[PDB]
Every structure is written in C-alpha cells, then in structure tokens.
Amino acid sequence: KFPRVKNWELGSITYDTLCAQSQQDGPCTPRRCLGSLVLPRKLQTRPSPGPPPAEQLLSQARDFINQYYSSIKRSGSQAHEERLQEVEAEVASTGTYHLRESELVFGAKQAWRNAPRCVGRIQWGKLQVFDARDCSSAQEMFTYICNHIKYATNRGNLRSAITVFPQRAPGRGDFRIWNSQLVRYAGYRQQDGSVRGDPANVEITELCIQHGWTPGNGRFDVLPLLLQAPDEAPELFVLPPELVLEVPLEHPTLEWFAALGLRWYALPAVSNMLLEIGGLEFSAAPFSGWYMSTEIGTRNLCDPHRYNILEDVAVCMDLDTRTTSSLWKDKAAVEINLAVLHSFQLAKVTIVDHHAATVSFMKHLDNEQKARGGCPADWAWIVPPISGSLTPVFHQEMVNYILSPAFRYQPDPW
C-alpha cells in the first residue's frame, strides 16, 4: 500500500506514507492514468447546488481543527475540545461554520504546502495572509486587492501573500475575481483574425470591453479587473498604473534584443482558484509569490498559443530557421530566458531561475519526508518547461495525491 519512491540520480529510496492521509479521489484508476490532464471533468469544485451533507462537512471540519491544534502543540487540550464543540454547535444549527483568523492563516499555509504542482513550496511557511472576509462590495474587494498588490510588490522585493474574501454560502452567489491573474495583458482580436497582445486573454479582454472598458491597441496593455460581489453583475476597476510594476526586457550581450520592446509584470497573482479549508470554500482568494524565470521566458513568451516570439528572436539572431535540426528554437529560448533573468535582476525585482528553484524543491522534499513522511508532487508540473533532465527533480520519482487544505479549480463565473 505504501509507495516506494526512488531517485535515479542518487540511488536513494523513500516511502510515501503521507498519501495515506488522502481522503479525496483523483482522476486515475488502475485501468488508466490521467495524471497528464490539466483539469478534471468533475473533481472540480461544483457550485454548491445546496448545503453540503452536515455529516460530510462536520467530518472535514473536525479533521482540520485537529490538524490545527496539532500544529500549535495543544492537541487534546481544553481549547481543542471546546473548539470542536463550537464547530459542531454551528454546523448543527446553521449548516456551516466559520474559521478563526489564526485557523484561516494555518489553513492557507497548508493549502500552499499541499499544492502538488507548485515548485516553490519551500517558502510555504512565509505567507502574508490578509483576512478580507469583512467585505460586502466589489468596491471593497478592489481596495483589498490594491493593498495586497502594494504589499506583495514591495518595490521589487516581492513577498508572498494571499487575500481571502468571504467564503461561499448556500443559495447565494459567490464573490469572484473574473480575471485568472490580478495582472494580465489584453488580447485584442484583430480583423485579420490574428491577435494583438496575449492570445490567451481574448475572451476576458472581451468581457471587459463588454462592461464598458476603453480598450487600447498595444501588445502589453494591463487589463482592468472585473470584481463580482454576490449575485451582482461584475464591476470594472482600473489598476492604478504605479501599483503595477513592470520589467522592460533587454539582453546582456545582444544589443538589439531591447529593440524588440518586450516586457512583463513583476507580480504573478493567481486569482481564479478556489481555496478550500475544512469543508469551507473560498471562491475568491488571490495569491502570489514571485516568478520562476521559465514561466515568462518559456511559457508566456514562447508558447505557440501565447506571444509566440521564437521565430522573431531566431531571425534577429540570424539563425537557420529552415530546419528543426539547427536547434534554432532551443537556442532562441535559452536567450529569451536569459534576457528575463538579466532584466529582472537589473530592475532589482525578485525572481528565481529554474535550476535554483528545483534545487530548493529537492530540499523541500527532504524536509517534508521527515516532517510528514512524504510530499504530494505532480512531476509534469515540477519539472521546468525547458532543460527538464538538466534539473534534479527530473530524476526524482513522485507520488501525486490530494491533501486538504487545498487549492482547487472552479468554473469560470460566466
């Protein structure tokens, strides 16, 4: 029952017993593995059709509370017992309950700690948690987000942070941030069927313009936010330009690289995922840490369905883009990644390369093996999108499973 996990670079072996704590099913079965799929058909947090079974929720709440008191070493203590009772008293009467600030803080850190696809989990203990459950309007949501952004950015010395809006409630609309990230670039669908800017944001850019936003025509126009308070049409808010730090991309040796006019924002702030803690679901809980260079230089700038800039840089590098065998693509990608690291380091903005990051993940795996006897990880997401085997995590086998607290995907609010 316990998985033997091997690292083929060092011959070392470990056993993952933590996976035994998993109480939530994944998409795989013994007949076929679906671990390569990005999203589930319906593991996904399906919009509360009504109150969840009192037993089920109460069961998840007790485990969390248990987890919490173990954390502070006062397990089995009086507070623990009395806290479990408060929880039971609330579920029985109202059909739900509420977390305490410190419990929320603990829940958030555990959600990050449990995210199988995150390579930066070594930082899991350092998370600024902003309790925004005291929010009743999209306008209030906008003030919170600005504070989170201001704090998170910290003039280029990024600090990981999350902001938690009101949990979901039976029979009422969810609080939602329509944007996938707090900061993204517009995707303008032009006449020729092509797209100016970020192709992945065509739809969202649409919805914005739909709700009265005056669009630009640049390739890097920061999108406005569509904040939605319960059962109210989402509202449009423009992010103050000075709050949104950006890094102009240039190259250490290739003088012309700058002439390309490329740039990216400093703050990677996911805002479309759901945070679940002890059965409670938080539909609006944007979080952020800092970028790993490859996400910008490889995925955002080089994915075919994104800015797809490989050929341009390749032509500017005067490379034989006539045949795959010249490895022109591989050569241009390395420089694009180098430019990002160089530029971010020049703008004195926090960033981590894929080598540094995976080395740190390896250390995290060890700390977690001793701390909990295992660590859920999704190999296809931990290994960088370039130079896979060139990093240590590639040669490290991994067990993937779902632990709670957790960050989950949810339906687009439209």
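From 1 onward, residues are counted along the sequence shown. Take the two forms, find the largest set of C-alpha atoms that superpose within 1.5 Å, and that set is the rigid core.
Participant: Using RMS Cα distance over all structures and residues, flag whichever of 73-81 and 296-304 lies farther from this form in 9 other deposited structures of this protein after a core fit.
Facilitator: It is 73-81 whose C-alphas lie farther from the shown form in 9 other deposited structures of this protein.
Participant: State which stretch is farther from the displayed form on average in 9 other deposited structures of this protein, 166-174 or 214-222, counting RMS CA distance after fitting on the rigid core.
Facilitator: Looking at 166-174 versus 214-222 in 9 other deposited structures of this protein, the farther one turns out to be 166-174.
Participant: Can you tell me whether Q369 lacks a model in a third or more of the other compared entries?
Facilitator: Modelled in all the others, so no.
Participant: Counting only other entries that model residues on either side, is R46 absent from the coordinates in at least a third?
Facilitator: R46: unmodelled in a third or more of the comparison entries.
Participant: Please compare 227-235 with 285-293 and name the stretch with the higher mean C-alpha B-factor in the deposited structure.
Facilitator: Stretch with the greater average CA B-factor: 227-235.
Participant: With reference to the PDB entry, specify whether the mean Cα temperature factor is higher for 133-141 or for 111-119.
Facilitator: That would be 133-141.
Participant: Which of these, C302, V87, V270, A161, has its C-alpha atom at the highest B-factor, as the entry lists it?
Facilitator: Reading the PDB entry, the winner on C-alpha B-factor is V87.
Participant: Highest CA temperature factor in the entry: which of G35, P51, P376, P384?
Facilitator: That would be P51.
Participant: Looking at the C-alpha B-factor of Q21, is it in the lowest, middle or highest third of its chain?
Facilitator: It falls in the top third of the chain.
Participant: Quick check for you: using the entry's CA B-factors within this chain, is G388 in the lowest, middle or highest third?
Facilitator: Lowest third of the chain for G388's C-alpha B-factor.
Participant: Which third, lowest, middle or highest, does the C-alpha temperature factor of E55 belong to within its own chain?
Facilitator: Its C-alpha B-factor, which the entry lists for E55, ranks in the highest third among residues of this chain.
Participant: Within this chain's modelled residues, let me know which third the CA B factor of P166 belongs to: lowest, middle or highest.
Facilitator: Within its chain, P166 is a lowest-third residue by C-alpha B-factor, going by the deposited values.
Participant: Ranked by Cα temperature factor within the chain, is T298 in the lowest third, the middle third or the highest third?
Facilitator: Its C-alpha B-factor, which the entry lists for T298, ranks in the lowest third among residues of this chain.
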